[PDB]
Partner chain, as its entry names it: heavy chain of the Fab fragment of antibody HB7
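Just the one chain here, laid out as structure tokens, in the form solved without the partner chain.
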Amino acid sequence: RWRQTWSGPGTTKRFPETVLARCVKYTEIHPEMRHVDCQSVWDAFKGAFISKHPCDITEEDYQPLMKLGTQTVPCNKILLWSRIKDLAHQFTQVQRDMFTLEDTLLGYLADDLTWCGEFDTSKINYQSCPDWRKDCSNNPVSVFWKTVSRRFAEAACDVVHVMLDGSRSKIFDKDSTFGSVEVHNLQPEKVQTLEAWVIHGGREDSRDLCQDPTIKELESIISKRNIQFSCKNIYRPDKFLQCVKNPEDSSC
């Protein structure tokens, strides 16, 4: 108890109750998910990781949950993001111009949560969970997000948008979920353009970050997939959000 088994934070307190509650809330608000049996969803979620070694999780483990979580998303209004989720969420909340993964049942259920079990016992581990870096990448949380992010990217069509954090050292990071999963799962048959919005943090007079080497890398990767690339700087994210809320404004 002075040393834990794994290097990462343990399962979020009251995990089962939280997931169940989020599912009830989601299905009450969103009419197309109004029929989903939230007990069945919890049962499937549990089944993915309980009694399993938390370094031996596979995408197959989550297939029952994926099935129950089946959901149509407007394919042309998807917003992806990397390392900038708060702005992405504040943006979509104004008038639902776009949808992030957290606007789907499954993304909503898991957002900000951590979970894992133990091999050959049905107990949730509230003490520690595997860290992706130090322990193992095939852990319940990591495998969940890769699985759901892949399916989300596969559903996209027309123009897909991505918000990137321009204050980061690597504005586009090939090791992120966006860069390692979503970019490679957009379907060129369906997706016309990927448009990146590079969000400035250098506050109030800055460079053209669409010329950043990592952005040029992203452009190259997506161009070679037969998808067009566009990029825009958002210099003042505060002004941006205000203009979204009230486009009837002088600077907007």
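The term rigid core refers to the maximal set of C-alpha atoms that superpose within 1.5 Å between the two forms. Numbering follows the first chain given and starts at 1.
Below: the form solved in complex with the partner chain, not depicted.
In the deposited complex, at least one heavy atom of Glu219 sits within 4.5 Å of a heavy atom of the partner chain. Interface residue remark: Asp208 is counted as part of the site for the partner chain in the deposited complex, having a heavy atom within 4.5 Å. A residue is said to contact a partner when one of its heavy atoms sits within 4.5 Å of a partner heavy atom; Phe15 fails this definition for the partner chain in the deposited complex, lying far away.
Contact check for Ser223, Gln228 and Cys231: all three have a heavy atom within 4.5 Å of the partner chain in the deposited complex. Applying a 4.5 Å heavy atom cutoff to the partner chain in the deposited complex picks out no residue from 81 to 114. Comparing the forms between the shown form and the other one, the C-alpha position of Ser82 differs by 2 angstroms or more, with the core used for superposition. Superposed on the core, the two forms barely differ at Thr72: its CA moves less than 2 Å between the shown form and the other one. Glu102: CA moves less than 2 Å between the shown form and the other one after rigid-core fitting. One change in the deposited complex concerns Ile78 and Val94, whose Cα atoms lie at least 3 Å closer than in this form. Expansion of the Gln93-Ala21 CA spacing by 3 Å or more is recorded in the deposited complex, set against this form.
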